[PDB]
Amino acid sequence: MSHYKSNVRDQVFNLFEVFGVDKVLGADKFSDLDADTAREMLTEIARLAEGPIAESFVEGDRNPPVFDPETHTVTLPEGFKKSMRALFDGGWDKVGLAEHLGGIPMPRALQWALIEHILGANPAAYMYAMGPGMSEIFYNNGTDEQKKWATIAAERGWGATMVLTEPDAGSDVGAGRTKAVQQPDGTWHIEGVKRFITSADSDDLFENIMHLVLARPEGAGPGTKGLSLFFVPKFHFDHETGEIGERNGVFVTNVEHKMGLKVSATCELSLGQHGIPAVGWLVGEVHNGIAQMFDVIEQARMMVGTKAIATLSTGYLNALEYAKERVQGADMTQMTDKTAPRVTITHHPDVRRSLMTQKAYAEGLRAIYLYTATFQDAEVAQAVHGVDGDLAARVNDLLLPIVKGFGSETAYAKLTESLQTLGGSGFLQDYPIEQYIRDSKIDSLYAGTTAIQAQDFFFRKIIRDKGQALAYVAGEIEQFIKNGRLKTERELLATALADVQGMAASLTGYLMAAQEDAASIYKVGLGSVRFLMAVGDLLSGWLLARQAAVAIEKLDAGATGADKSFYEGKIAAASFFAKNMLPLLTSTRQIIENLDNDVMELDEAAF
Amino acid sequence: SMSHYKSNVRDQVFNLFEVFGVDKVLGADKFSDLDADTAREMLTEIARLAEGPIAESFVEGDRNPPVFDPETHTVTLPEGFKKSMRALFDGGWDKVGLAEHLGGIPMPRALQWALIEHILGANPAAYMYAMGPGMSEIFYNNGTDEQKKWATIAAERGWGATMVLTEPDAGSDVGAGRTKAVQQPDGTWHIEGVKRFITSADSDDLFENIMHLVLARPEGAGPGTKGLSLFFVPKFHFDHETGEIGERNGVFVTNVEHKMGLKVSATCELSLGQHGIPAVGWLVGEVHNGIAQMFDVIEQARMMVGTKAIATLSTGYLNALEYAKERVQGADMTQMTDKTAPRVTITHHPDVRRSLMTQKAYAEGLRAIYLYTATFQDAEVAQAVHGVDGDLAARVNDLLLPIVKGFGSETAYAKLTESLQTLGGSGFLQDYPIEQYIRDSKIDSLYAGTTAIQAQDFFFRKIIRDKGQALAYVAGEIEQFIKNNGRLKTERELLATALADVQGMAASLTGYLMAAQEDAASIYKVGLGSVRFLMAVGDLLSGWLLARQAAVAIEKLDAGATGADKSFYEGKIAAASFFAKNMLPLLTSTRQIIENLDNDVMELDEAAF
Ligand SMILES: CCCCCCCCCCCCCCCCCCCCCC(=O)SCCNC(=O)CCNC(=O)[C@H](O)C(C)(C)COP(=O)(O)OP(=O)(O)OC[C@H]1O[C@@H](n2cnc3c(N)ncnc32)[C@H](O)[C@@H]1OP(=O)(O)O
Ligand SMILES: CCCCCCCCCCCCCCCCCCCCCC(=O)SCCNC(=O)CCNC(=O)[C@H](O)C(C)(C)COP(=O)(O)OP(=O)(O)OC[C@H]1O[C@@H](n2cnc3c(N)ncnc32)[C@H](O)[C@@H]1OP(=O)(O)O
Ligand SMILES: Cc1cc2nc3c(=O)[nH]c(=O)nc-3n(C[C@H](O)[C@H](O)[C@H](O)COP(=O)(O)OP(=O)(O)OC[C@H]3O[C@@H](n4cnc5c(N)ncnc54)[C@H](O)[C@@H]3O)c2cc1C
Ligand SMILES: Cc1cc2nc3c(=O)[nH]c(=O)nc-3n(C[C@H](O)[C@H](O)[C@H](O)COP(=O)(O)OP(=O)(O)OC[C@H]3O[C@@H](n4cnc5c(N)ncnc54)[C@H](O)[C@@H]3O)c2cc1C
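- Judging from the entry metadata, X-ray crystallography is the method by which this structure was determined, and 1.8500 Å is the reported resolution.

Laid out in structure tokens, this is it:
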């Protein structure tokens, strides 16, 4: 069929058998959505993804968008716009939208499971379809008058952008210099150049685009605290009827040539530089821009991590299908007999090692983002964890940089194994793995680099949090550890939990010691990404072991056939991950415990 | 990026002269007519040519890739890339290390691969196209007297060459190939089959002829690699006396692959005797010894591929470093709470220094590894610089090749991830060369034998079949460095742990092999651990060679180095110390993992994956 190989079975196993999300289906906010309907929804969008969405995956990469300087617009390849129309015609751009904007109320964990299929099949398609979701964010932060415009924007399916980055302001958002000048009538004129804006033009997919633009009001203070957020539409419109009016002064000037994700137009965006003003409306009519924009960034970060995990999953399943059919070499137990029967390559230990590595990380990462999503609804977190609203928000905030940072880094790294499994054929564009790699490289960069994820995780999600979310998660792991067929895995998990706790203590010591010895803080920076990755590995190992515990229960109860095979794979993956990935965390702890500032004191000229 | 290529002659000369003492042999015996000054001038010259005319078409070759005409069975290469090829030819760089009697300049292999590194960093496909004369020398070495005259012609005319092994069903398992050879009464052979993934099988109008060295199975020969013979199959027939090109021979490209990277290297389906015209082949050396003869070629290809990956990581790192030096973003971490603190260049950030020193230490440790390996590729160099005789040097070179290839390919691709990350969002742009470095280097874990095949060769052939003699030699050199100022005390302690870890890995895997005498399935544990073992030995060699470099750097600083020299030597100490403290300890956990491998993953139903 298509390049995209989906895994609804594993999503349903997580949602229902592991986390118990079906417990809230049929109750309260989700009163009208039952478990059967949720499963039909996943199967339906999986088929959409495997069909018309994936159909244009190759085309978007081989025949990428073209910038037109004669009109300051972008043209998209026809096959990809056909895929977009399939997404829209099915109403999938209203996934998880609030009911009053036309959505179907559902748990976030189900919402992200639906979205995984789009991100695996053609992830730029989800990015162009995020308009109604961003209109909901504008609604939540807007005045009563602005909530009327957001409703129009959602109902009409306008596109949307998030507009922060400038040539000199990427990780350091607060350095932005785009300016906002209030006009007598209460609107603002926005002036500046922004860079790397995803979907800044989208051909004729939509009748309008809502740009949500960070800019600094004249006279405002420095840094991110001096930023405000502005609603800046591509076209002016009638605030009552929605009728599209005159062009607004916000124009793309270039489209970047990228390693991958080529069909996502990534644009320099000029505001008020082409002779008409870029009129913006202060969101909520309050000056609170970085806090408002982080509502969007949080979702972008969830999407980026889920995208990376979706891509690893279809990479693994492509590699697995290939390995099952590729005949090459003799069985290793017959390697000295040059007339021995040839075997398929799944018989080779290094290939089974590779495949189980891909499998355990893909499925561990899926469990992680679905686990994370179970904290994004108060009702779900109460129902399935017994955790109240405040703690749930802090745990979600803790896990987001794991989904994003650990997800992006891990998926790209393990796709290397997926390609390797194809041999020389993995290097061909004939197979989709090399495009998976190119498309996923950006996931460690956009929505905040890995280093920024790791700094967020430690300084904000742990230290500022006074460790409360982290202690909750460590307690659940400890509970699992304390509890026969999983005794070895629980012992390996106990070592890994202790290692992560040791890392956290060492970095906390380096931070606290910076009050008297300022350079001590550098050791936190030196260790931060490795710590983030260690926590990701610990969470993967724990959730895999929890899956294997469920699988043991189901096999004991008499699972047969394809179910039995699935459950056997969960036990194998949990055991392989505990025995081959978790122990490296001990060496990483000892490395972190011995970090020093030699590398910081070295003259720059010595590099 | 046009001038994408950033060279490092200074580090090459440091290794060649200050660390390994390869100048000990320059001006003596086989190298009597090449002195150290000349060697350094050659490195400077090809590095300048690489940074200029060769690198000039690096982007062009990827963005305007070769185009196949299926009716002429030929490829057209972009003009800018052919201009780069002519610059290489006009300088004689396709004859680096060629025997004097073939028109070469005799030189140590360590110098030859250091020269080639610059071409591989600037435009690696250019060197692949230019390997013809080196092939001709291998053909010369393996040929009859008469073939030696043809090889001499081919080298003097600069013919291109290919190595033709792979078929759709015979990649890792070379012995499965079905291409056949049909003996003719006059002693020639007619070759019949379809080969796949053949690099340079057509090369536009770069050459007047191409020598295809083709593995094929004589009718009625036995199975496996042992049944294969090697055939000289020219693209054009030619006058065996004068070299004048004659009738087109029956060997035709029928497809050119669309690849992730290395796009300018035409990778070809090659049809032999399928178009009603015989593919005439001449039996190499007029003996049936094909897989042994072809491994002369494979050995050089594996060395090249490892050197290519390392060359590419080096320029990726130097590009990231020059970017990081200029990019202002954020406040110093000591001022992160003060939102009015001065902005700093990103080399001030701990994670960026960590990233950069990771790239540096791996790029420089890998350079030391391939140059160390090359010092064993001449008996006279191995004797002068290491005091080892010809037989042990060959076994040590053989031990190290899968490390250069397997560990070099895997490591370079992985650490280029850090190089790209250093550029931030800009690293994802084609405006910078790192994303093409990544795509171009992914192939290096695959062609010339996959990493799994490298690790299996390393363990079974280069350790077990060798009775551990080469490994024991290397380990003994590491042990002596550890035993020998206490300024490298911590590094030596860390290397001692890493050496014991690698020895423990080797003992575990050897134990699994011994157990396979009793339970055949125990051998699977060797396969499960083999790649991790090969990578561990690479880390150990990197950490050791960097520490040796640190010891020389300490001597030079003590003697009073100043200026740029001083900065260079300080960076060697920092790299060796960073690598010992951040890379080597992981080998302890890897050893423990290998000590506990089991066959659960082998017994699992394939359906459960
Ligand atoms: C259908 C479902 C319902 C509908 C809604 C859901 C749909 C969502 C739609 C969104 C889609 C997104 C994608 C859009 C389409 C195209 C795809 C594009 C993908 C990626 C695109 C991008 O790259 S956008 C640019 C991303 N840039 C970054 O992420 C910035 C990276 N740098 C940093 O994060 C730095 O660390 C910052 C900038 C934070 C450092 O500045 P600072 O030193 O001033 O920060 P601070 O002092 O630490 O805190 C300042 C201020 O900021 C708030 N804050 C910080 N960190 C926060 C986190 N992690 N979470 C929330 N808020 C955060 C905070 O208000 C703080 O104030 P205080 O609380 O400290 O007082
Ligand atoms: C000194 C520096 C100066 C150098 C100058 C440069 C000169 C080079 C010029 C090049 C000419 C132009 C060429 C242009 C090409 C440019 C691009 C190249 C890109 C890479 C292209 C490729 O990929 S070519 C295809 C590569 N294929 C492989 O590598 C094969 C992978 N599979 C394996 O290796 C398997 O492990 C094999 C096939 C070996 C398993 O078969 P088997 O089970 O039958 O093997 P065995 O029983 O273990 O051994 C059989 C036979 O083979 C000999 N042998 C095996 N392994 C050897 C090694 N490592 N080294 C030498 N010989 C080896 C051995 O003869 C054995 O017989 P026994 O000795 O055991 O009795
Ligand atoms: C495909 C793509 C799409 C994008 N889409 C959008 C979009 O829709 N909207 C938008 O607003 N932006 C968008 N961006 C911008 C993107 O978020 C930025 O590229 C990213 O935040 C990194 O910023 P930068 O590129 O300026 O890199 P830099 O900030 O210059 O980072 C360079 C290097 O320095 C490191 N570094 C920087 N500061 C620190 C620090 N304080 N501590 C430690 N290390 C540090 C980084 O980790 C990185 O390794 C997009 C980018 C890409 C590539
Ligand atoms: C760009 C490019 C250029 C090339 N140029 C040439 C050339 O000039 N000449 C030439 O002869 N060939 C050439 N090749 C072929 C190349 O050497 C083969 O692709 C390579 O040997 C792998 O073989 P394969 O692709 O058939 O993969 P397979 O052998 O099918 O390997 C598939 C997977 O199975 C694994 N596997 C296979 N056998 C075993 C085993 N026994 N034990 C454990 N794991 C195993 C592999 O490691 C890999 O992960 C080229 C290939 C490429 C991609």
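Back to the text.
### Quick look at the overall build of chain A
Moving on, step 1. Within chain A one finds 20 helices and 14 strands.
Moving on, step 2. Over its C-alpha atoms chain A spans a radius of gyration of 25 Å, differing by no more than 12% from the 25 Å that the globule rule assigns to 607 residues.
Moving on, step 3. With respect to the principal axes defined by its C-alpha atoms, chain A has extents near 85 × 60 × 55 Å.

### Comments concerning the packing of aromatic side chains
Moving on, step 1. Throughout the structure, instances matching the rule amount to 47 aromatic pairs over all chains.
Moving on, step 2. Judged by centre distance (5.0 Å) and plane angle (75°), the rings of A:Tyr361 and A:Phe577 are edge-to-face. A single burial state applies to A:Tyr361 and to A:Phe577, both of which are buried.
Moving on, step 3. The structure contains a cluster of three or more aromatic residues connected by ring pairs, namely A:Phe138, A:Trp149, A:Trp158, A:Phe231, A:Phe237 and A:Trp281.
Moving on, step 4. It is A:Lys147 that lies over the ring of A:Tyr139; its NZ or CZ is 4.8 Å from the centre.
Moving on, step 5. The residue whose ring lies beneath B:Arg492 is B:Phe481, and the NZ or CZ to ring-centre distance is 4.3 Å.

### A few points about the interface of chain A and chain B
Accessible area lost when the parts come together is the quantity often used to give the size of an interface.
Moving on, step 1. Taken together, the contact pairs 98 residues of chain A with 99 residues of chain B.
Moving on, step 2. Taken together, both faces of the contact between chain A and chain B bury some 8,000 Å²; the carbon and sulfur share is 61%.
Moving on, step 3. When the area that chain A buries against chain B is broken down by residue, the three leading residues are A:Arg352, A:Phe427 and A:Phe607, summing to 11%.
Moving on, step 4. Here chain A and chain B share 4 salt bridges between them.
Moving on, step 5. Here B:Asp598 ties to A:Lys579 by a salt bridge, and the two come within 3.7 Å at their closest N and O atoms.
Moving on, step 6. Here chain A and chain B share 42 residue pairs in polar contact between them.
Moving on, step 7. In terms of residue class, the side of chain A that touches chain B is built from 40 nonpolar, 30 polar and 28 charged.

### Topic: the domain arrangement of chain B
Moving on, step 1. For chain B, the assigned domains read domain 1 (9–135), domain 2 (141–149 + 158–288) and domain 3 (451–609).
Moving on, step 2. When each unit is reduced to the centre of its C-alpha atoms, the spacing between domain 2 of chain B and domain 3 of chain B is 39 Å.

### Brief notes about helix α8 (residues 145–157) of chain B
Residue and element names in this part refer to chain B.
Moving on, step 1. The terminal C-alpha atoms of α8 lie 19 Å apart, and with 13 residues this matches the ideal 18 Å at 1.5 Å per residue to within 8%.
Moving on, step 2. Those residues of α8 lying buried are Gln147, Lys148, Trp150, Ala151, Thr152, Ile153, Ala154 and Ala155.
Moving on, step 3. Looking at the buried residues of α8, the elements they touch are α7 (132–142), β6 (210–218), β7 (229–234), β8 (236–238) and β12 (279–283).
Moving on, step 4. Once α8 finishes, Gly158 follows within two positions and takes phi at roughly 70°, a positive value.

### Focus: the pattern of salt bridges
Moving on, step 1. Under the definition given, this model contains 63 salt bridges over all chains.
Moving on, step 2. Where B:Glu208 meets B:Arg157, a salt bridge forms, and the shortest distance between an N and an O atom there is 2.7 Å. Of this pair, B:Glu208 sits in the loop between β5 (189–199) and β6 while B:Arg157 is found in helix α8, placing the two residues 51 residues apart along the sequence.
Moving on, step 3. With relative accessibility at 53%, the residue B:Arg157 sits in the exposed group.
Moving on, step 4. Each of A:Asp10, A:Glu116, A:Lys359, A:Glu363, A:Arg366 and A:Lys570 takes part in one network of salt bridges that share partners.

### Observations concerning the site of ligand 4
Moving on, step 1. The environment of ligand 4 is made up of 26 residues, and the closest members are A:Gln420, A:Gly424, B:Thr166, B:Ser172 and B:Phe197.
Moving on, step 2. The local environment of ligand 4 is shared, drawing residues from chains A and B.
Moving on, step 3. Here a nitrogen atom of ligand 4 sits 2.9 Å away from a polar atom, N or O, in the side chain of B:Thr199.
Moving on, step 4. Against a free-state accessible area of 970 Å², the protein chains account for coverage of 91% of ligand 4.
Moving on, step 5. Of all the secondary structure elements, the ones that give two or more residues to the shell around ligand 4 are α12 (389–421) of chain A together with β5 and α14 (451–464) of chain B.
Moving on, step 6. Here the shell around ligand 4 gets 3 residues from one element, more than from any other, and that element is β5(B).

### Considerations on the pairing of β5(B)
All names here are of chain B.
Moving on, step 1. With 4 bridges connecting them, strand β4 (residues 180–183) and β5 associate as antiparallel partners. Within the sheet, the bridge partner assigned to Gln183 lies in β5 and is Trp189.
Moving on, step 2. Following β4, the chain reverses through 5 residues before pairing antiparallel with β5; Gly187 in that reversal takes a positive phi of roughly 95°.
Moving on, step 3. Relative to strand β11 (residues 267–272), β5 runs antiparallel, the two sharing 5 bridges. The partner of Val194 across the bridge, within β11, is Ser271.

### What to know about the pairing of strand β4 (residues 179–182) of chain A
All names here are of chain A.
Moving on, step 1. Summarising the sheet, β4 and strand β5 (residues 188–198) pair through 4 bridges and their orientation is antiparallel. Opposite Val181, over in β5, you have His189 as the bridge partner.
Moving on, step 2. Hairpin geometry of β4 and β5 is characterised by an intervening segment of 5 residues between the two adjacent antiparallel strands and by a positive phi of about 95° at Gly186.
Moving on, step 3. Relative to strand β6 (residues 209–217), β4 is paired through 2 bridges, and the arrangement is parallel. Across the sheet, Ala180 pairs through a bridge with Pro217, a residue of β6.

### Overview of the environment of A:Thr588
Moving on, step 1. Locating A:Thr588 in the fold gives a position in helix α19 (residues 584–593).
Moving on, step 2. Among the residues examined, A:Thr588 registers a relative accessible area of 13% and is labelled buried.
Moving on, step 3. Here the alpha-carbon distance between A:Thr588 and A:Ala518, two residues 70 residues apart in the chain, equals 24 Å.
Moving on, step 4. Each residue touching A:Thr588, except ones within four places of it in the same chain, is listed here: A:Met503, A:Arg530 and B:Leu586.

### Examining the domain arrangement of chain A
All names here are of chain A.
Moving on, step 1. Under the domain assignment, chain A is made up of domain 1 (8–134), domain 2 (142–151 + 158–287) and domain 3 (449–607).
Moving on, step 2. Here the C-alpha centre of domain 3 lies 31 Å away from the C-alpha centre of domain 1.
Moving on, step 3. Every contact between the two is made by 7 residues of domain 1 and, on the other side, 10 residues of domain 3.
Moving on, step 4. Of the roughly 770 Å² buried at the junction of domain 1 and domain 3 (both faces included), carbon and sulfur atoms supply 55%.
Moving on, step 5. Counting the surface domain 1 buries against domain 3, the share from its top three residues, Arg9, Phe13 and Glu17, is 62%.
Moving on, step 6. The interface formed by domain 1 and domain 3 contains 3 salt bridges.
Moving on, step 7. A salt bridge links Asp563 to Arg9, with the shortest nitrogen-to-oxygen separation between them at 3.1 Å.
Moving on, step 8. Here domain 1 is connected to domain 3 by 5 residue pairs in polar contact.
Moving on, step 9. Partitioned by chemical class, the residues of the side of domain 1 that touches domain 3 number 3 nonpolar, 1 polar and 3 charged.

Rules of the game
- Residues numbered from 1 in each chain as written, not as in the entry; some residues may be left out.
- Chains lettered and ligands numbered in written order.
- Heavy atoms only, no water.
- Residues with missing side-chain atoms left out of burial classes, pairs and counts.
- Helix = DSSP H or I, 4+ residues; strand = E, 2+ residues; numbered from the N terminus.
- Rg over C-alpha atoms; globule rule 2.2 N^0.38 Å.
- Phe/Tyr/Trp six-rings, centres within 6.5 Å; stacked < 30°, edge-to-face > 60°.
- Buried < 20%, exposed > 50% of the residue type's maximum accessible area, 1.4 Å probe, protein only.
- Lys NZ or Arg CZ within 6 Å of the ring centre and 35° of its normal.
- Contact = heavy atoms within 4.5 Å.
- Buried area = accessible area lost by both parts, 1.4 Å probe.
- Salt bridge = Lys/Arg side-chain N within 4 Å of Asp/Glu carboxyl O.
- Polar contact = N/O pair within 3.5 Å; in protein donor to acceptor, adjacent residues only side chain to side chain.
- Nonpolar A, V, L, I, M, F, W, Y, C, P; charged D, E, K, R; others polar.
- Domains from an automatic or database assignment.
- Expected span 1.5 Å × (residues − 1).
- Near = heavy atom within 4 Å.
- Areas by Shrake-Rupley, 256 points an atom, 1.4 Å probe, with all protein chains shown as cover.
- Pairing = 2+ DSSP bridges.

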